[PDB]
Amino acid sequence: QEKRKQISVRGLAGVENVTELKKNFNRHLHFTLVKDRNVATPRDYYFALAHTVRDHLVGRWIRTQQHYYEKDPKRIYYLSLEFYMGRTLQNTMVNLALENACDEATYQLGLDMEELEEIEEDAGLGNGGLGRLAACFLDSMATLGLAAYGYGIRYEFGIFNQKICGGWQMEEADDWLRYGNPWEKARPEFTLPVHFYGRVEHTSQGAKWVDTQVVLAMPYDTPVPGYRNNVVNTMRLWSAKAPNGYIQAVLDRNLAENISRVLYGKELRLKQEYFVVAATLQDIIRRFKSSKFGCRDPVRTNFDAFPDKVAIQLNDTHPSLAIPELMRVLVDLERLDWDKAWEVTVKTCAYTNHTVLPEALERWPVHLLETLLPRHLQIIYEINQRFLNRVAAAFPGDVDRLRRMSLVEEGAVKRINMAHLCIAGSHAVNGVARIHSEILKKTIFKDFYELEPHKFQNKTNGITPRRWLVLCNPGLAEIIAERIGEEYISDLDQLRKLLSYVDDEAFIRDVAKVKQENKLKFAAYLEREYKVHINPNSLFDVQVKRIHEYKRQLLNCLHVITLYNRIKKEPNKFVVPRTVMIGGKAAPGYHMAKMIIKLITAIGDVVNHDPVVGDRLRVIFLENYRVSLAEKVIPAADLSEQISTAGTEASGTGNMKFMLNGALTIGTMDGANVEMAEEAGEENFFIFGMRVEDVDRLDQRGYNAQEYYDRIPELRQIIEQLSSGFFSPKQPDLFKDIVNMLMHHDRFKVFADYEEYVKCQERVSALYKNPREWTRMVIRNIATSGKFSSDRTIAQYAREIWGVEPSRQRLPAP
Amino acid sequence: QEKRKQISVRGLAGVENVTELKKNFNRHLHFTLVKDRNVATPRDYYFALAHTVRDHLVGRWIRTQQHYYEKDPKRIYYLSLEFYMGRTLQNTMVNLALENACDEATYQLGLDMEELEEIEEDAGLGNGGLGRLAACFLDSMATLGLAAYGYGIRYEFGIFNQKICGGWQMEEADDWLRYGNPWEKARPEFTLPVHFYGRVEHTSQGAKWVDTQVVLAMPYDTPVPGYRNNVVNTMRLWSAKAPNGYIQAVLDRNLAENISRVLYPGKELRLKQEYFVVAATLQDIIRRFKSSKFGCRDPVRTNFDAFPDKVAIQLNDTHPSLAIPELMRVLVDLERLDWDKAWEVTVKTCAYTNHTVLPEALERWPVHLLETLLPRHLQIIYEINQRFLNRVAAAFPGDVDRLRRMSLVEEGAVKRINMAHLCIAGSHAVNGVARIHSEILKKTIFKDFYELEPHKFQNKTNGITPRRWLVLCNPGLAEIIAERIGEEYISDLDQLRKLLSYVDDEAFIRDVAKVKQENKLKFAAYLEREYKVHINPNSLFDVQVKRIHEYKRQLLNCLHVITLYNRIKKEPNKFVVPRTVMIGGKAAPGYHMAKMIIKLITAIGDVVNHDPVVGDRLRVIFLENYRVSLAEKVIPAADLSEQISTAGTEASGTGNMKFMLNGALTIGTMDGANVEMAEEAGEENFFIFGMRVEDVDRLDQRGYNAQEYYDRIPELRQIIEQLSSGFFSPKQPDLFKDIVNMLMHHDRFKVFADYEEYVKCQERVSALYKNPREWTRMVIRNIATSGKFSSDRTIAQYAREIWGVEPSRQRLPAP
Ligand SMILES: Nc1ncnc2c1ncn2[C@@H]1O[C@H](COP(=O)(O)O)[C@@H](O)[C@H]1O
Ligand SMILES: Nc1ncnc2c1ncn2[C@@H]1O[C@H](COP(=O)(O)O)[C@@H](O)[C@H]1O
């Protein structure tokens, strides 16, 4: 029966117009959601619109996936334990070019689309930079036409929502799924077993992994759209499920399931890591084998073509177990011999390093691996012996480096170094900015570099101009499009054409006008949430990193208090009004970080209620900072704070976001700030403080905070205020911990950059006075931000690591 | 923004034609399922078709539910712990007259709709006749245009799938939900809390239930369509969810959650199940009562004076008996009414249906269990009991013995609360399930209550839906009936009376006989392509499909089969009327006797089916995994219907009505619903054998000794020898000693007593079967006289005599 060539997407799309969209929106409210207008809540109207947009998303998805099965390209598998997706609705509409049509449709139906947008929960799937880089990458990979996949874990509670109670961080569950996720599709049909524990039985045949405990992995598909090229790739997230003496099988059921429950560590983190690797790989091998278009059968069983058809990117060491897992499947199940299987593994795998210092590098005790992944241990020991023989022959009689490069690390209880596992198992290893990729070959991994120099590359991070310009900042996208068109949205380097407009009067005030417009929008939100009062004409001074000593929101605080003391000593002096905003989540259990949050709010209570200060200084702690808040605050920011101690940041990614939206930057010569300053010119940045070589020199002679205390009176004053209980009148000794750390054991040298930080902030105040000059510097920043598009990043990953050609040409259509 | 009048169901259904259906089948496969033809499986195409059909169903649902909100009718809530629904695909297509168009649509896309229909799981939400009754009841309530809801629990594990290996029943897990269920809709929005444990705090205010442990109940709605009248009602099933230092509150997760997982082959968990369904349902009822106004979800009404006018709760058996105390709890504790008004509201609101026959089967709970789990409800039950015993003490001054006989509290080993007594005290009506049944209720088990309030006690004889059990499952039969009398009979079964005119019509006789043979031929084929078999399709189709219980007497059947066998081996050349005797039903785990019975039936088969001399004259089949979908296949194919329960042990029966509707003649006892069936059909046109209820009483009176029969029936002794010496289990000679010793020494159910009258009655059957003309004339007489046994007739009576609403057979507008 060829009658079923009539089972097709052919003309299910419809015309994508106002007429068809509202008929569709009505289908979904009533037939999908089983509601009517009598009962429907705003959330229902959101779900009905989501499904209406989704029909058009999956139409193109079916087409893209078909195209892959008939073209048979190299498929690229992006592995991550964090996908920081944010909201989906507006993004799907801009990328499909449906925003105009939907806005009008919902309008004609009595609905307001901005309301409905604000109802969508942030996807509880990521935590910080690691996770948003993944999301930006997904969006760029689809825009550049790559057959790409995001594979991760579907977390049922993400990482906690942050609420501030009495100035203290409290954590609350993030049940972002409680009403369901319309963007996902459960696939009960593709449930796969993931094995734990057991023992290895040595048949003189192969090696069998027997007696194991089983956990079921069930996949959820979410489609991800390219920017107006009709390609729509897959994000595929695994959910843990249990199968069905004593009924302690209850414990086994509960323990199986909390693999999907939360982010962050015992067995659980390692359980989570194997889980994602083992399910993803079964999916990988399956597609490799069943490659003939229209044909479900496993037609291709020769693995010599595996590295030509599959690429696996290991985002940090979290998915590292992919290496020995791939080895397990090829040797044990597929019965290829060792050398042949290893060559395949190495050619398939690639590793990205994100972290800066040898101690954050992931390690697992042997006894743990031995108990839970006994076969994987053997495979790791085996990889290790042959890698160390390869080292032996390349560097004879060198016993020291031999044990320096070993995957097995000695001490009190042997640990296995997963970063060493990654380097040996992959054809490429990259760092995430230029300086970071350099210290990787200089220090952290020099022994490996000397063995295989070719392996080591750089790939500077980036940001999608979709979400981080066109979506969150329509005003700025617009005024740019009037001078140069909209080619820049998928080719950011074209922003340089804006350098022709540094001296155009109309453009300078249009940039100023858009900033002011975003400030007003955000200010209004900041009143109906924090119920204070923001001066929309003040300088919006923003710092939004995660709370942490090395990120130095304590250095910002000192500046805020310096500003407060000056205003109060001379209340008649003219001052540039400032709204300082600090946002970010503190890790539970990290006590100092919870203190830093309380300090920020404590200062707020004083400065926001001093009659003398008026509206010249406002301090706000931004609650529950996340992707959607970042979309609202980054556009409205004037000053971006990147003030980590030099030598501690690899990249940074939020800085790029600020640069794009017309904030000037105050930052240290560290991470992504270096290359940003390079692109823009030093004079268009506000760099201050010690460089990395200044840090080392201070370390070498010994850091004493007391030296700075003794010679800077304005600094002494603040400490005496923190000491005496000025900022916590009820509990005078509240900030005792902070003070004693600042004075006696500060690993991150806050006092040492204090002086230059405040002089710098003064130079920042002076520029702010002259809005023409201020804006012209902003234009120079914006015109010069093209490099930090993730379209540029993924194009490099594609050509230098993956061996696939980026392509901006359209896939046909449904 | 008065623009939202365009947010409407208006024209979203589209024309119910081949071209729209195939288009929408494409939308659903690709957009809803996120599949294409390259990856789709038969399962996927099933889901796609289901989603296509549901579209039309919910179109009518929205309208119906709107309609109720604007007429503000008395709304009726059918509460049950079982809903034995079966498949929904075909039933929805017939009730919405979409069957032909879907069939055509699927054909043109290169699919077989019958293949697709076979994919879908039987609804695993029920067990037996209790649950199947509710499903028929829902279908009827909707056809008769009643604002009716069906409330229960969404069970995940289903029940179990019967597998037969080596003649033994093995129970497999029936996870009918692993792939989802396109017919339901989840309502996370309407998640309600249910409370457990805690303690009661007496304040000079009211009483306060505090320190409780909380389980959340999430609803799932499923539409149920009337027959071509465009009204769609709701089935609303609850699912248990746990909320979100020691993790040992992992039990809390488990101990909740598996309230939903399982039916019960009773403990704390069983009672949690009952309170769960009740507390959630009552919150939902009151909620809907308060939201009386069209277009708005405001608590517009808080005057509970009209509650009994707007609400009817139907307590099906004692399982949801806690509705009564809970309804007192909400009204007194939460709505701060005074006890007297609330009680008057409670009694006028609830009514009780007893389904069982014996004083033993009925539900009691230890007080210490209630004291711990539902501490507030125990106090309320004690208060109810105090006041109810005041009415009794007033009615019968000084009759001390009846004060304790009628009490909700039973003294004994442990103090128990009697739920049957609770239901009779808190309801305005109580009904039996057949005439004989209802009569024994006022004569025996509730005699004391009947003397108190005789008017309380009604009969509502059970019934069956002519949609599922005629039109749907026997399309061949419904068609040849329609030719003579039209198709008005489908919602007015009485109209089948007009078939009596046609008893001597030769064309109708050959049509009825031809339809029968067609189904026989068709069911025999299903037997071949689904199992190793044989089956002479011309033989008399002898069918018993109950559940396996000593009282059901599939052993009386066995003894008859072996009787025949011996005769065929005594006189091989003497013509015997060929028979295929088929026995189906599930044992119930733990019941040691039932599993032995199944083994016995199969072990008989092994011998008989493979005996050369017997040939194709006698075949014995155990029918694996009996359920609604199989019922639909076997029932239309049956010639003879075994309803042979020991007299007075079956309350009604319901399968018996199915066989009668479908051209089978009945062999049965003067028991349950048979009494009324023979009353309609005429004694003449029914094979009624064995002791009557009063002969059973009289055998207990003189004492039952099975050895008497053994000694005066030579044909019976031989059968016992064969089972004992291992003629049916040569590898395990003593396999059936448990059965022998039960039959011979302690038969609670008198199998030997009816043995002789049974076998003679079977011979009159075999004789009549020899004359196809006369056999069919009798069949016609059964079918044509089946009208009483429509569940429509039943629901009408419930509506008019218990709920105080008027049935309406009129068509609601249209999409
Ligand atoms: N063998 C195939 N031929 C054509 N299309 C396919 C094939 N396998 C999968 N697809 C498409 O790719 C999608 C994703 O399937 P998979 O890659 O198997 O997870 C499916 O929805 C199909 O639309
Ligand atoms: N106040 C109302 N006015 C009109 N229709 C309603 C109203 N409340 C509920 N409905 C309809 O009845 C259905 C069931 O709602 P409920 O009775 O709240 O379970 C809803 O899906 C609506 O279609």
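Positions are assigned from 1 on a per-chain basis following the written sequence, which can diverge from the numbering of the entry; residues without coordinates are not listed. For naming, the first written chain is A and the first written ligand is 1, with later ones following in the order written. Values shown for side chains rest on all heavy atoms present in the structure; no hydrogens or waters enter the calculation.

In terms of determination method and resolution, the entry is listed under X-ray crystallography at 2.70 Å.

Put simply, the test is: UniProt positions are given in the numbering used here, feature names are shortened, and annotations may be inferred rather than shown by experiment.
The PDB entry lists chain B under the name Glycogen phosphorylase, muscle form, from Oryctolagus cuniculus. What the PDB entry is called, per its title line, is "The Glycogen phosphorylase b R state- AMP complex". Quoted verbatim from the Function field of the UniProt record, the comment on chain B reads "Allosteric enzyme that catalyzes the rate-limiting step in glycogen catabolism, the phosphorolytic cleavage of glycogen to produce glucose-1-phosphate, and plays a central role in maintaining cellular and organismal glucose homeostasis." As stated in UniProt under Subunit, the record for chain B gives "Homodimer. Homotetramer; to form the enzymatically active phosphorylase A."

For chain A, the PDB entry supplies the name Glycogen phosphorylase, muscle form and the organism Oryctolagus cuniculus. Its UniProt record gives chain A a comment under Cofactor, which states: "pyridoxal 5'-phosphate". What the UniProt record of chain A gives under Sequence similarities is the line "Belongs to the glycogen phosphorylase family."

Examining the side chain of B:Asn462
Residues and elements named next belong to chain B. Selection rule: In this text, helices come from DSSP runs of H or I with a minimum length of four residues, and strands from runs of E with a minimum of two, each type numbered from the N-terminal end. Each residue is assigned to one of three classes by its accessible area relative to the maximum for its type, calculated with a 1.4 Å probe on protein chains only: buried under 20%, partly exposed between the two thresholds, exposed over 50%. Any pair of residues with heavy atoms lying within 4.5 Å of one another is described as a contacting pair.
Within the fold, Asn 462 resides in the loop between β17 (457-459) and α19 (467-472). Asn 462 gets classed as buried once you look at its relative accessible area, which sits at 5%. If we skip the residues at most four places from it in the chain, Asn 462 touches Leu 133, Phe 137, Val 433, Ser 652, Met 657, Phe 789, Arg 793 and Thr 794.

Focus on the packing of helix α30 (residues 750-769) of chain A against helix α31 (residues 771-782) of chain A
Residue and element names in this part refer to chain A. Here is the rule: Axis angles are defined between N-to-C directions and span 0 to 180 degrees, where every axis is a line fitted to C-alpha atoms and, for a helix, only to the segment in contact. Working rule for angles: under 35 degrees goes down as roughly parallel, over 145 as roughly antiparallel, 65 to 115 as roughly perpendicular, anything else as oblique. When residue character is reported, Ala, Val, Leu, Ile, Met, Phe, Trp, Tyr, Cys and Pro are called nonpolar, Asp, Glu, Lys and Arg charged, and the others, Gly included, polar.
Interhelical geometry of α30 versus α31 gives an angle of 110° and a closest axis separation of 5 Å. Classified by the interaxial angle, the pair formed by α30 and α31 is roughly perpendicular. Between α30 and α31, the residues in contact are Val 764, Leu 767, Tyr 768 and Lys 769 and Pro 771, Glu 773, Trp 774 and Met 777, respectively. Across the contact of α30 with α31, the residue classes break down as six nonpolar, no polar and two charged.

Remarks on the sheet that holds strand β19 (residues 578-583) of chain A
Strand pairing in a sheet takes place through backbone hydrogen bonds and is either antiparallel or parallel in direction. Residue and element names in this part refer to chain A. The cut-off we apply is this: Strands qualify as paired when DSSP identifies two bridges or more between them.
Spatially, β20-β19-β18-β21-β22-β23 is the arrangement adopted by the six strands of the open sheet, whose pairing is parallel. Two strands in the sheet have a free side with no partner beyond their single neighbour: β20 (617-622) and β23 (686-687). Note: strand β18 (residues 539-544) against β19, six bridges, orientation parallel. Bridging across to β19, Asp 541 finds its partner in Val 580.

Describing the interface of chain A and chain B
Threshold: Buried area counts how much accessible surface, traced with a 1.4 Å probe, disappears from two parts once they are put together, with both parts' losses summed. Salt bridges are defined as contacts in which a side-chain nitrogen from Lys or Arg sits within 4 Å of a carboxyl oxygen from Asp or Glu. Under this definition, polar contacts are N or O atom pairs within 3.5 Å; protein pairs additionally need one hydrogen-donor-capable and one acceptor-capable atom, and for neighbouring residues in sequence, both atoms have to be side-chain atoms.
Contacts between chain A and chain B engage 56 residues on the former and 56 residues on the latter. With both sides pooled, the region where chain A packs onto chain B buries about 5,400 Å², and carbon together with sulfur makes up 52% of that total. The three residues of chain A that bury the most area against chain B are A:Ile7, A:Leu12 and A:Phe31, which together make up 14% of that side's buried surface. Joining chain A to chain B, the criterion identifies four salt bridges. The tally of links between chain A and chain B comes to 24 residue pairs in polar contact. Within the residue set of the side of chain A that touches chain B, elements represented by two or more residues are α1 (18-32), α2 (42-71), α4 (99-108) and α7 (249-257) of chain A.

Here we look at the pattern of salt bridges
Residue and element names in this part refer to chain B. Per the counting criterion, the structure on display carries 137 salt bridges over all chains. Across the pair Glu 506 and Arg 773 runs a salt bridge, and its minimum N-O distance is 2.6 Å. Pair noted here: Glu 506 is in helix α21 (residues 506-530) and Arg 773 is in helix α32 (residues 772-783), with a separation of 267 residues, a long-range link. With a shortest N-O distance of 2.9 Å, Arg 567 and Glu 763 are connected by a salt bridge.

Overview of the site of ligand 2
Rules: In these notes, residues near a molecule or strand are those with any non-hydrogen atom within 4 Å of it. For every accessible area listed, the method is Shrake-Rupley and the probe measures 1.4 Å; residues are considered covered only by the protein chains on display.
Near ligand 2 you find A:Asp36, A:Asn38, A:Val39, B:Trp61, B:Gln65, B:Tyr69, B:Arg287, B:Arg288, B:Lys293, B:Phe294, B:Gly295 and B:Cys296, and these make up its full shell. Nearby residues place ligand 2 at the junction of chains A and B. With respect to ligand 2, the side chain of B:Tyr69 contributes an N or O atom lying 2.5 Å from an oxygen atom. Protein coverage of the free-state accessible area of ligand 2, which is 480 Å², stands at 93%. Secondary-structure elements contributing two or more residues to the shell around ligand 2 are α2 (42-71) and α9 (268-290) of chain B. When residues of the shell around ligand 2 are assigned to their parent elements, the largest contribution, three residues, is made by α2(B).

Digging into the nonpolar core
Here is the rule we go by: Working definition of a nonpolar core: buried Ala, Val, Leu, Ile, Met, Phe, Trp, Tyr and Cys residues. They are joined through side-chain atoms within 4.5 Å. For every domain, the bounds stem from an assignment made automatically or drawn from a database.
Counting 128 residues, the largest nonpolar core has B:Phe523, B:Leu555 and B:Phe752 as the members making the most contacts within it. With 10 residues, helix α23 (residues 592-609) of chain B is the largest single contributor of residues to this core. When residues are assigned to domains, this core turns out to be shared by domain 1 (4-463 + 791-814) and domain 2 (464-790) of chain B, each giving three or more. Formed by 117 residues, the second largest nonpolar core is a distinct cluster that contains A:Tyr590, A:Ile620, A:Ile719 and A:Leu742.

Some words on helix α22 (residues 554-570) of chain B
Defined as follows: Take the number of residues in a helix, subtract one, and multiply by 1.5 Å to get its expected span.
Along its 17 residues, α22(B) runs 24 Å from first to last C-alpha, staying within 8% of the 24 Å computed at 1.5 Å per residue. With respect to burial, α22(B) is a largely interior element, 14 of its 17 residues being buried.

Remarks on the domain arrangement of chain B
All names here are of chain B. When cut into domains, chain B gives domain 1 (4-463 + 791-814) and domain 2 (464-790). For domain 1 and domain 2, the distance between their C-alpha centroids amounts to 33 Å. With 46 residues of domain 1 at the interface, the matching set in domain 2 holds 49 residues. Where domain 1 abuts domain 2, roughly 3,900 Å² becomes buried across the two surfaces, and 53% of that area is made up of carbon and sulfur atoms. For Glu 171, the salt bridge goes to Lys 595, with nearest N and O atoms at 3.0 Å. Our enumeration of links across domain 1 and domain 2 arrives at 24 residue pairs in polar contact.

Looking at the packing of α9(B) against helix α11 (residues 323-334) of chain B
Residue and element names in this part refer to chain B. Put simply, the rule is: We call a crossing left-handed when the near helix sits turned anticlockwise from the far one by less than a right angle, and right-handed when that turn is clockwise.
Contact geometry of α9 with α11 gives a least axis separation of 10 Å together with a crossing angle of 45°. Taken together, the axis directions place α9 and α11 in an arrangement best described as oblique. Crossing of α9 against α11: the hand is right-handed. For the pair α9 and α11, contact is made by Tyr 275, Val 278, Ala 279, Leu 282 and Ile 286 and by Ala 323, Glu 326, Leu 327, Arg 329 and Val 330, respectively.

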